[PDB]
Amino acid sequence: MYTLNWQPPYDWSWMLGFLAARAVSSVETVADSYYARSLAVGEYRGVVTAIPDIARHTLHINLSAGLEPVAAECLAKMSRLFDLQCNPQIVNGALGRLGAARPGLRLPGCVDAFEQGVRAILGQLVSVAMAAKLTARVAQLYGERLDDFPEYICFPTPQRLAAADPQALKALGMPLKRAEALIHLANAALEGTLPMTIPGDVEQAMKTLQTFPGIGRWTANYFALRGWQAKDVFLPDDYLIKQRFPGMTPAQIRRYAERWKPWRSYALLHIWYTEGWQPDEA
């Protein structure tokens, strides 16, 4: 139905793969040729299906009737998730060989910042597959199901988690703190203290976030990257990044990684996916 353009190359397998390693049971559905999920925009809802057209470097988007009144915003969310805006060779041109291996690499964003906020928090300490299982449990319990599509369930809204009880959340399998951090986050959402859109001054914006309970500099950096699609942010405290720069302290990794300015968010993703990348043997 609706269609959006992107600029070649676009590694859809990599993107669809990435999104799939984090897909949430009953909220998302990832296939080799399309991504599909529940979606809410105020009281409006339904399902969004995105199908790439490698041939016409186009992305087709289908909305269920429930979402039609807000079609546009839906489209905007998808474009932010997929990073259509990305001009692959402006980025690659500044990343030399670091990306040469896969020039179609895009920044996996999100369809909702609050959700991404919840996602980045449950991702603390644990594995990607576990954070997925976890987020599913939280969704299963606090997320509202679709009348129109039973098989689907909407991601928990801010006000549903705000009223949630720590003990209940904790029960799902997370420490008491993690749960409280989630209940705080939802309140800043209702109050509009959590930026749902990429702020002008990202750093300051991030600092503000780290004052939030349960949100450290890692949670803040990663959220900046996914929730805001911040393109020039690196992660010196990331598990892997540590293991990718063996023998270095957070400020040398940051001080090192600052050579990929202003596209560090991309340099980060490349390093994550270059199987055996060791800093330049110089």
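Rigid core (definition): largest C-alpha set, two forms, superposition within 1.5 Å. Numbering starts at 1 and runs along the sequence shown.
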Higher-deviation stretch (C-alpha RMS, rigid core fit) in 7 other deposited structures of this protein, choosing from 31 to 39 and 246 to 254 = 246 to 254
Mean C-alpha B-factor higher for 248 to 256, or for 61 to 69?
-> 248 to 256
With reference to the PDB entry, specify whether the mean Cα temperature factor is higher for 108 to 116 or for 199 to 207.
-> 199 to 207
Out of 185, 94, 122, 75, highest CA B-factor residue | 94
Once the chain's modelled residues are ordered by C-alpha B factor and cut into thirds, is residue 266 in the lowest, middle or highest one?
-> lowest
Chain-relative CA temperature factor third for residue 242 | highest
Where does residue 235 sit by CA temperature factor within its chain: lowest, middle or highest third?
-> highest
Pull the Cα B-factor of residue 80 out of the PDB entry and bin it into the chain's lowest, middle or highest third.
-> lowest
Sort the modelled residues of this chain by their C-alpha B factor and say whether residue 164 lands in the lowest, middle or highest third.
-> highest
